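One chain comes next, on its own, written as structure tokens: the form deposited in one PDB entry.
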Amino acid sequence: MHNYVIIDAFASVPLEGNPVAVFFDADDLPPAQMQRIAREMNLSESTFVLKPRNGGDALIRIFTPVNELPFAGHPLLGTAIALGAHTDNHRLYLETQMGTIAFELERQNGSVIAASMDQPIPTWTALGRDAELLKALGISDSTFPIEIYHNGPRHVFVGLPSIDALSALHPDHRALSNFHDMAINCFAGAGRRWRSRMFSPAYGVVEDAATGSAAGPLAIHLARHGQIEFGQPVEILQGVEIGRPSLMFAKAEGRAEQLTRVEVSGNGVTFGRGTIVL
């Protein structure tokens, strides 16, 4: 039997943010069973905590309902918050398929409130499928060039001219399914405050509440396109329209040609705790 907790990542109260089911003591489970368990939970991701193999504190495997990912932001944030209960550490190193991810935990009286991670530095290129993607999204143009970023998963960014226009999107889920191994992140905002919506048939979700591995790339994207400075922290509010408001904090330090750090942080809270029969 395995214990799990349900963490609402990128939230300061239960029922906000983005849930992740974190399964402990998972070294006995084959990956095909981890995948089926993720399918059972039907959350954007479930994670599995394994003994470390390369000097971290734990090795974490991350599954959507349909596929394994090599890195993901909300699932790891929630995993770090949940594991932080195990010990008194304030620095935590979590192994993934993209390498070891460093976390700093915000604790009060030993109790974990939030965490900050140093993400993989993404690479990027032009999508080159603009007409097709804009048609699928139901819009004419992006406000900025349409580029795809890779940090394990892949994230495409499409800019909208207002928050109302963002909220008005009704994408064609089936047309989006022709965009394999990527998530589509639509953004709008100004200055230090941005809104997002994410859609990804490829990762098993019509609309995700908080796509943490997109937050770092968005900060880069906004700085590369002159809307914020490199190093300027931004707030990215995702999931509003679906009733799952999620507050992601991001900062990308360096310059376009040489990034030094991509920090994403958030609060997270426990929604529940239990045990599965396998």
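One rule holds for the numbers: they count along the sequence shown, beginning at 1.
* **Average Cα temperature factor in the PDB entry - higher stretch of 89-97, 183-191** => The recorded data point to 89-97.
* Given 18-26 and 258-266, the range whose Cα B-factors average higher in the PDB entry -> The stretch with the larger mean CA B-factor is 258-266.
* Asked: For the listed residues 105, 72, 198, 156, which one has the largest C-alpha B-factor as given in the deposited model?
  -> Out of 105, 72, 198, 156, the record gives the largest C-alpha B-factor to 105.
* Entry-reported Cα temperature factor of residue 208, expressed as the chain third it lands in -> According to the entry, residue 208 has a C-alpha B-factor in the chain's lowest third.
* Split the chain's modelled residues into thirds by Cα B-factor; is residue 239 in the lowest, middle or highest one? -> Residue 239: CA B-factor falls in the middle third of its chain.
* Consider only the C-alpha atoms of the modelled residues in this chain, order them by B-factor as the entry records it, and name the third containing residue 216: lowest, middle or highest. => Ranked within chain, residue 216 CA B lands in the middle tercile.
* Third assignment of residue 136 from its chain's C-alpha B-factors -> CA B-factor rank for residue 136: highest third.
* According to the PDB entry, is the CA B factor of residue 226 in the bottom, middle or top third of its chain, that is, lowest, middle or highest? -> For residue 226, whose C-alpha B-factor we compare with every modelled residue in the chain, the answer is the lowest third.
The next section is about a form of this same protein that is not shown, the form deposited in another entry.
* Rigid parts compared between this form and the one not shown: residue 99 grouped with residue 123? -> In the comparison between this form and the one not shown, where the chain splits into two rigid parts, residue 99 and residue 123 end up apart.
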